[PDB]
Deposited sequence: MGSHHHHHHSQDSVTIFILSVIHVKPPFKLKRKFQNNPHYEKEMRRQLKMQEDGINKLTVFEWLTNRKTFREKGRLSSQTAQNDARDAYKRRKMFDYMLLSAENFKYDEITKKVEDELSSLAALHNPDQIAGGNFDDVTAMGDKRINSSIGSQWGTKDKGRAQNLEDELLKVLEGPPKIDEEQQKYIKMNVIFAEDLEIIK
């Protein structure tokens, strides 16, 4: 044999809750998730959570988008020949510029706390630990 092995036992906080055929489907689908995660390396999973979090960037922003998207609808209902998303967004954008932490994030934290929890675990090492999460059996009713 002659090998060193890193073996991780994290639960999802809070547990998934539930409110006939439905409870079957959700235990069933949570296990599928639970298994799919444990096939991933710590490194893989964290590269995927970083990839997920870089999606999405306020009353004033929503006010901005309100004005822009309301204008496009105007242009669009008016004409009968369709617009292209890339063109029309930049159009209205320069018109306006002429008057201008739940379960999955807890999992990422619970985990990150382990990886630093002494002994600290390094990025290369992460390519060699398997995820070890259990949550599907914790389905609260």
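Undergrad: Which segments of the deposited sequence lack C-alpha coordinates in the modelled structure, numbering from residue 1?
TA: Coordinates drop out over 1-11, 20, 32-37, 76-79, 123-158, 200-201.
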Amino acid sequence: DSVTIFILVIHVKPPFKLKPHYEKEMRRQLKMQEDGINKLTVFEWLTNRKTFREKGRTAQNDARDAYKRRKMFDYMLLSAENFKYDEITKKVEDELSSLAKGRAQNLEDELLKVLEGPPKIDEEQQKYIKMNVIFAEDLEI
From here on, numbers count along this sequence of modelled residues.
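Undergrad: Do the CA atoms of 35-43 or those of 80-88 have the higher mean B-factor in the entry?
TA: According to the entry, 80-88 carries the higher average C-alpha B-factor.
Undergrad: Identify the stretch, either 111-119 or 62-70, whose C-alpha atoms have the larger mean B-factor according to the entry.
TA: According to the PDB entry, the answer is 111-119.
Undergrad: Within this chain's modelled residues, let me know which third the CA B factor of residue 141 belongs to: lowest, middle or highest.
TA: Its C-alpha B-factor, which the entry lists for residue 141, ranks in the highest third among residues of this chain.
Undergrad: Tell me, lowest, middle or highest third: where does the Cα B factor of residue 131 rank within its chain?
TA: Residue 131: CA B-factor falls in the lowest third of its chain.
Undergrad: For residue 53, does the deposited CA B-factor place it in the lowest, middle or highest third of the chain?
TA: Within its chain, residue 53 is a middle-third residue by C-alpha B-factor, going by the deposited values.
Undergrad: Could you say whether, by C-alpha temperature factor, residue 28 belongs to the lowest, middle or highest third of its chain?
TA: Tercile = lowest for this residue's CA B-factor.
Undergrad: Is residue 106 in the lowest, middle or highest third of its chain when residues are ranked by C-alpha B-factor?
TA: CA B-factor rank for residue 106: middle third.
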